[PDB]
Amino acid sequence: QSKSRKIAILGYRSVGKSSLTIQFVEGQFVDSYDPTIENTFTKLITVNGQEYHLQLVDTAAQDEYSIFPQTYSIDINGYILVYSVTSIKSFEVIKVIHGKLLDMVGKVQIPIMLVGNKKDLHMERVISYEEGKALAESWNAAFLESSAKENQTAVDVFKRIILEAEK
């Protein structure tokens, strides 16, 4: 009765894939990392009374040239696509990533959500809320903005991808 989830987090370099994950897992914010290394965390959380066993695959940076597999993994229960509100490139890239992710997964019922991270960097935003939101809507995906400095926003990200898979 203790549910299980493997979640993959995707996106361009330095968008905050690791920071969000670490903030959600260890409750702290970090200034540096090992960019091209894949990392996997385990985290237990109770969402609405139900206990979930979480595996979080913090993938290495990908761009428009990264190879996406042609076939999905059964054991992966959902995908978080991250970009930074401070980087146009990361936004262009997350669209390419969604594209290649959709080729890989086909019609299979595995949730994909979109996260615009670094919302706390007000003076460096180059992507509006409406643009991320409308992109997500065009994908029939969920959308949140987040800051890896703000624990509750990282919580809301993972909670939402879990809830999508229950839908």
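Sequential numbering from 1, following the sequence displayed.
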Exercise for the section: Read off the CA B-factors in the entry, average them over 70-78 and over 87-95, and name the higher stretch. Expected result: 70-78
Practice task
Compare the mean C-alpha B-factor of 57-65 with that of 35-43 as given in the PDB entry, and name the stretch with the higher value.
Solution key: 35-43
Fill in the blank from the handout: One of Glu51, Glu137, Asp120, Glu130 has the largest Cα B-factor in the entry, namely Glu51
Problem - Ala165, C-alpha B-factor rank within chain (lowest, middle or highest third) - result: highest
Completion exercise
Binned into thirds over the chain's modelled residues, the C-alpha B-factor of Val30 lands in the highest
